[PDB]
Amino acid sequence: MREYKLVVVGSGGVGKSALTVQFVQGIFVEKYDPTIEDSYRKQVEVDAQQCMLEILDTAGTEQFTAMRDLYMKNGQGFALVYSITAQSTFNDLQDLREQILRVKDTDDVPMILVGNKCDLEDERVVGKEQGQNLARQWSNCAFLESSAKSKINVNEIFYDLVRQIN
């Protein structure tokens, strides 16, 4: 079966691990905090085509990891995750995307912008329109707001990222 190597990236605390585990295992991590940059596997069907996904849950950008350029070079698609409750995590993604494009030496990289923690509407600081315009600035319409906690758009992040690699 075709296998896709996906990479979830973003600043600390945005819910990279929570999204990955919710998608792959169907459970919410609550306060459990994985300390390994591990890979998580799930078979999916997207547009009537079967795919094995292997999803790498990376450390927050501000944390040490010597493997970063390896994952940026080798990953087939990237989920760039921020929290809607922290503008810094959103702005951080501009530099992050630039780093990925630099490592790959091309603009043509499957990517989805993900505003996580959308269940925290009362704590929102990043407007949905901000996310939409960032996507527009990137010339890539793939943008979702998600909640790992409430299971909103979690599967769709990965399905939509697969659509781009296909």
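Position 1 is the first residue in the sequence shown; the rest follow in order.
When the mean C-alpha temperature factors of 81-89 and 67-75 are read from the deposited coordinates, 67-75 comes out higher.
The question of which stretch, 15-23 or 149-157, has the higher mean Cα B factor is settled in favour of 149-157. Across the options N116, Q137, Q43, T58, the residue with the most elevated CA B-factor in the record is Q137.
Comparing C-alpha B-factors across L120, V103, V126, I112 in the deposited entry, the largest value falls on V103. Annotation for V162: CA B-factor lies in the middle third of the chain's modelled residues.
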